[PDB]
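Have a look at the structure below, then the notes.
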Amino acid sequence: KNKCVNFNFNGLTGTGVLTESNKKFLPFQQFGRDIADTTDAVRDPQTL
Amino acid sequence: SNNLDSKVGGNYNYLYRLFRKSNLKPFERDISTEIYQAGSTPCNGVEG
Amino acid sequence: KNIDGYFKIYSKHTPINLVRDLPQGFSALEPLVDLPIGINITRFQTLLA
């Protein structure tokens, strides 16, 4: 967390900084996208 | 799979549809055993 | 609904105080499960107690 790193969560490739935000993910929502339809937040598959 | 699936005398277990009344849509499995017509001639049962 | 053989099932449970036909309101339904059966559905029924 708090480091510029390359992410890959089930094909969701990208680069960014990981942190805990106020996003309230529902039980069925897997990952969110920004206004550009680009993945801006995901959920850890191993442990929720 | 000539040495695996085929057998002496002819392996006639695999089937295929010669024709249908019209072309089917993609990603569609059809297991119907009805006799389909090539043209507009109504057959109504027996072959010919 | 059945989209490309993937049978979608949504669910939403909420309390009400209703004495007439369907409530005139709004409520978002969430997905419950996804059953990839892979068949064409044309009819349906329901069970009652």
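We place every Cβ from the backbone using ideal geometry, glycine too, and count neighbours over all the protein chains shown. The numbers here are math on the coordinates, done by the rules we state, and not lab data.
Could you work out the local net charge near C:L29, counting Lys and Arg as +1, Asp and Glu as -1, over the other residues with Cβ closer than 12 Å to its Cβ? Charge balance in the 12 Å sphere: +2.
For A:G32, the residues whose modelled amide H falls within less than 5 Å of its own, excluding neighbours fewer than 5 places apart on the same chain, are A:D40, A:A41, A:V42.
Amide H to amide H, with H built 1.01 Å from N, A:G14 comes under 5 Å of A:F7, counting only residues 5 or more places away or on other chains. Net charge of the neighbourhood of A:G32, taken over other residues with C-beta under 13 Å away and scored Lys/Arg +1, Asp/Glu -1, is +1.
Chymotrypsin sites (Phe, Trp or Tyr not before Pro) within chain A: which are DSSP loop residues with at most 16 other Cβ atoms inside 10 Å?
Sites meeting the loop and neighbour criteria: A:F25, A:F28, A:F31.
Annotation: amide H of C:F7 within the under-5 Å range of C:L35, C:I37, C:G38, sequence separation 5 or more or interchain, hydrogens built in the peptide plane.
Can you pull out the chymotrypsin sites (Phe, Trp or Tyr not before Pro) in chain B whose DSSP state is coil and whose Cβ has at most 10 other Cβ atoms within 10 Å? When the chymotrypsin sites (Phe, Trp or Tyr not before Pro) of chain B are filtered for loop state and at most 10 Cβ neighbours within 10 Å, B:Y12, B:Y14, B:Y16, B:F19, B:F27 remain. Label separation (A:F31 vs C:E30): 2.1 nm, computed from points 7 Å beyond Cα along the C-beta direction. Applying both filters, DSSP loop and at most 10 other Cβ atoms within 10 Å, to the trypsin sites (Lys or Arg not before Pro) of region A:1-42 gives A:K1, A:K3, A:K23, A:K24. By the beta-carbon count within 10 Å of each Cβ, the least crowded to most crowded order of A:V17, C:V19, fewest first, is C:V19, A:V17. Residue by residue, region B:9-17 carries 3J(HN,Hα) couplings of x, x, 8, 9, 7, 7, 10, 7, 8 Hz when phi is fed to the Karplus relation 6.51 cos²θ - 1.76 cosθ + 1.60 (θ = phi - 60°); x denotes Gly or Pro.
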